[PDB]
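Q:
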């Protein structure tokens, strides 16, 4: 059998790992697999779907370019009797894809908020107020808000923690440096910074270092090598959340295999868990 891997782009290592891992796993499970690159263009994606259908692929492993724009493509595959398993990104429709597998950003935010409170209440057990800042990801991106909302679902229950600044740094390291530099001038009372990803945590740390604010504790998300090393080295970044993209890609392929072997009972919306990383 053959599986088509339709990836949103290959211009970012995150997506390359997803596509290549899926192809590898399909081959391990005895299938042929081919990667199709949509190049962040829903029209290119649509053309790939039509080619894939015409060529009679047995399953599609899909990373959509747009949660709305990609719906019609999955519907055409469904009408052609080709099962679709989404990975990393989803579509805003049910009953079309067999399953939509994604990293549990909301739960990661919950884990991060829990540790934020644990760590900071250990450092500051008596403080009436623990002011902090939040760096958001890209405002239009679902992961931005799943992470932030998860964090706040925990931290907002502890009124002593006071968010005195909240701003996007675009999931970007250099932007986070600039934004953090400004936040430190405007809100020097902060004791901590919660960051929607590791790139932004690294930028925040460099801004803190430049300001001599080595006392401020920083919390991130992704499990990037540089942040894991910073945490392990006892730097002021003290936590992150590890994601498992290879497990996500492999799960989509494994479920596709299971489906072709006759299984039909799959949940449609499928979070793949994440894990807290700390000094200790």
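Numbering (our numbering), first residue to last: 13 to 292. Heads up, the beta-carbon is just placed ideally off N, CA and C, and yes, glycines get one too.
(1) Pick helix, strand or coil for residue 112, following the three-state DSSP scheme.
(2) With 16 other CB atoms within 10 Å as the buried threshold, where does residue 77 fall?
(3) Are the beta-carbon atoms of residue 131 and residue 229 separated by less than 8 Å?
(4) Counting C-beta neighbours from all protein chains within 10 Å, is the total for residue 287 16 or more, i.e. buried, or is it exposed?
(5) Which of the three DSSP states, helix, strand or coil, is assigned to residue 230?
(6) State the DSSP-derived secondary structure class of residue 78, mapped to helix, strand or coil.
(7) Verify whether the separation of the beta carbon atoms of residue 295 and residue 240 is less than 8 Å.
(8) With a threshold of 16 other CB atoms inside 10 Å of the CB of residue 39, please say whether the residue is buried or exposed.
(9) Take every Cβ of the stretch 13-20, pair it with every Cβ of the stretch 47-55, and state whether three or more of those distances are shorter than 8 Å.
(10) Less than 6 Å between C-beta atoms, sequence neighbours within five positions excluded: which residues of the same chain meet that for residue 188?
(11) Alpha helix (DSSP H) containing residue 47: first to last residue?
(12) Counting only runs of 3+ residues fully inside the stretch 129-179, write out the beta strand (DSSP E) ranges in chain order.
(13) Over what stretch of residues does the alpha helix (DSSP H) that includes residue 192 continue unbroken?
A: Here's the rundown:
(1) Reading the chain shown from its first residue, position 100 is the one you call residue 112. Three-state result, residue 112: strand.
(2) In the chain shown, the residue the question calls residue 77 occupies position 65. By the 10 Å Cβ count, residue 77 comes out buried.
(3) One-based indexing of the chain shown puts residue 131 at position 119. One-based indexing of the chain shown puts residue 229 at position 217. Yes. Within cutoff.
(4) In the chain shown, the residue the question calls residue 287 occupies position 275. Residue 287 should be labelled exposed.
(5) As a first step, residue 230 is located in the chain shown; it is residue number 218 there, counting from the start. In this structure, residue 230 counts as strand in the three-state DSSP scheme.
(6) Within the chain shown, residue 78 is the residue found at index 66, counting from 1. Here residue 78 sits in coil by DSSP.
(7) Here the chain has residues from 13 to 292 only, and residue 295 is not among them.
(8) In the chain shown, the residue the question calls residue 39 occupies position 27. When all chains shown are included, residue 39 counts as exposed.
(9) yes
(10) The residue you call residue 188 lines up with position 176 of the chain shown. The answer, listed in chain order, is 147, 181, 212, 215 and 216.
(11) Walking along the chain shown from the start, residue 47 turns up at place 35. From DSSP, residue 47 is part of no alpha helix (DSSP H) but of the beta strand (DSSP E) over 44-49.
(12) 142-148
(13) Indexing the chain shown from 1 puts residue 192 at position 180. Residues 185-198.
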